[PDB]
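Step one of this worksheet: look at the structure below.
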Amino acid sequence: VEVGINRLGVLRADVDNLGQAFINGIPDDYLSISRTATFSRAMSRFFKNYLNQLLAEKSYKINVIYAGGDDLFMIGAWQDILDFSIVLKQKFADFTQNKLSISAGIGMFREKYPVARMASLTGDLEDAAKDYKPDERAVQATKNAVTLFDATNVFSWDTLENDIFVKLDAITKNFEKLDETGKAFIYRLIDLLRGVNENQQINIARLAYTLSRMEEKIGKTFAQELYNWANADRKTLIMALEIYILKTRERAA
RNA sequence: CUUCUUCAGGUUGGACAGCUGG
Ligand SMILES: [Mg+2]
Ligand SMILES: [Mg+2]
């Protein structure tokens, strides 16, 4: 890879409540050993065979360690892993036609990072995604989520795809003609957005000033769009901005 | 043989504003 940060991507996906589906997912009337075997074979053949075939469809830079049953462990270029996470979610949702959900954790590590710690950390992220519960009123976690590089960046799959990826696409399409001072301006935007929690007024003013400085190579309309996002959807905006910085980092790859 | 030693009127306007390269 030529553009991005020289980082390995570790993906760990797991179907939510597959054991519950095997216990009581099938209605009691349609319970037989043949139906149970059909469901088991569907799941197993999907994971093993179809993950192989789907990753062979386009030359993803992935190095699948294990697919097996209900689980997944793949290591590759972090951009390819991030791109294939949504493809995996969509293909699983098609295959099950939205009867089972999948949780994933995506870790980002350097090449010489310990493999034991890669596995442990990405498992922790996958557990955090399985801990996803948007409202503290329901019973049992929603579990249909993905964790992005850190246990604080747990987003649902719909949230991830729609919000984060449309924001990342807009940022990419509006930030490609920035200067090398613009990169530092994006860094400052990220720092200000992270600090907004402990600085309500001065920090939003500083963000407005930074957008003012930027709105000469990005346009006034997108500066206003970023300002609106910062006051409405901040954590998604921070996620998209960090992903853009890591994807466009010119420190080899 | 005379007094005025200066009085009156204008008192800034328009233009450019950061661009390239790593
Ligand atoms: Mg599971
Ligand atoms: Mg499992």
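First the proteins, then the strands, lettered A, B, ... as listed; each starts at 1. Basis for what follows: all heavy atoms, side chains included, without hydrogens, waters or symmetry-related copies.
- Atom CZ of A:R249 and atom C1' of B:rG22 are 17 Å apart (whole Å).
- The separation between A:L178 atom CG and B:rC19 atom P is 12 Å, rounded to whole Å.
- The interatomic distance linking A:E180 (CD) with B:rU20 (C1') rounds to 13 Å, in whole Å.
- Note: A:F95 and A:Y50 fail the aromatic proximity criterion, with ring centroids not under 6.0 Å apart.
- Between A:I62 and A:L11, the closest side-chain pair of non-hydrogen atoms is not below 4.5 Å.
- Relative orientation of the A:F39 and A:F22 rings is tilted, given thresholds of 30° and 60° on the angle between their planes.
- Among B:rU20, B:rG18, B:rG22, the nucleotide with an atom closest to any side-chain atom of A:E216 is B:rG18.
- Straight-line distance from the CG atom of A:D179 to the P atom of B:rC19: 8 Å, rounded to whole Å.
- Taking atom NZ on A:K177 and atom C1' on B:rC19, their separation rounds to 16 Å, with Å as the unit.
- Counting any heavy atom pair closer than 4.0 Å across all strands shown, A:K217 reaches sugar-phosphate atoms only and no base atom.
- A:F47 and A:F92 have tilted rings, their planes meeting at an angle from 30° to 60° on a 0 to 90° scale.
- Rounded to whole Å, the separation between the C1' atoms of B:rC1 and B:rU5 comes to 22 Å.
- With a positive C1'-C2'-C3'-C4' torsion, the sugar ring of B:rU6 falls in the north range.
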